[PDB]
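**Q** so I pulled this structure from the PDB, and the sequence comes with it:
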Amino acid sequence: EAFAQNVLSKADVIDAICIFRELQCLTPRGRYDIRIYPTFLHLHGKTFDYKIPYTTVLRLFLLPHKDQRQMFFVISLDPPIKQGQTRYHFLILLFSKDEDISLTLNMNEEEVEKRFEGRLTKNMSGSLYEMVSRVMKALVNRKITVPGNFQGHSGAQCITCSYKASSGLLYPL
DNA sequence: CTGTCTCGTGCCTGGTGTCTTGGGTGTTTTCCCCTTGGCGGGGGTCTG
């Protein structure tokens, strides 16, 4: 804080709409902060960084976990973000239902009303996954797909099955 | 009084996950190759 104050005392600072710090990502793997912009999102990592325009997004999927304790937030990309010799077709995020948050936008009330048409507010609070879903919806306009009318025998909304030498969850959307 | 189990941080390190690479192996992709696509004079032969 002292260094920041010393910097501000000499600089003339004039941005991101909202910044989520450290969100459990599964594809790619690791903790990544997410900065929101009017036309894209900056996925900042401890080493690698990516920038996904909203024009590249195709679908947003919000799925529950088999144990009913976690939430999967999937973003379908196009073109896929590239990293050396690998291309990711989906951005997967993992959240916990008991992981709340309180966010405040970097905009004013009237500007938010004009931009998001009242879909968002200057200050919000609620579950982390709910907040991310609401923000991404208000940004992309695409509706977030949710599980259908399927309910497995174990009461879960998916089936545990293998695929390409790897276990995982299959959701009938 | 009292101290042992528990919650809640710091700290760090070592253990998880996955790019990246190499080998095995089936499959397309071109080029090459093989199969294919007017007039007359006679003669004899058959039928009645």
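**A** Everything's here; your move. Numbering: from 1, shown residues only, chains lettered A, B, ... in the order given.

**Q** need the residues that contact the helix or strand hosting residue A:101.
**A** Assignment of secondary structure by DSSP states H and E places residue A:101 within strand A:100-104. Judged by C-beta atoms under 8 Å, 6 or more residues apart in numbering, the contacts made with strand A:100-104 from elsewhere in the structure are A:18, A:20, A:122-128, A:131. C-beta here means a position set from N, CA and C on the backbone, and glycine is covered the same way.

**Q** got the buried residues for stretch A:90-98?
**A** Neighbour-count burial for stretch A:90-98, counted by 16 or more other C-beta atoms under 10 Å, picks out A:91-93, A:95.

**Q** adding secondary structure, write those residues out as a markdown table.
**A** Output for the buried residues of stretch A:90-98, formatted as a markdown table (DSSP: H, G, I helix; E, B strand; the rest coil):
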| residue | secondary structure |
| --- | --- |
| A:91 | strand |
| A:92 | strand |
| A:93 | strand |
| A:95 | strand |
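
**Q** max-length helix in chain A?
**A** The helix that spans the most residues within chain A, counting by DSSP state H, is helix A:128-140.

**Q** what's near enough to touch the residue nearest to the spatial centre of chain A?
**A** Closest residue to the average C-alpha location of chain A: residue A:132 at 5.1 Å, with C-alpha atoms, centre = their mean. Listed by C-beta under 8 Å, 6+ apart, the contact set of residue A:132 reads A:20, A:23, A:73, A:93, A:95.

**Q** done for today, thanks.
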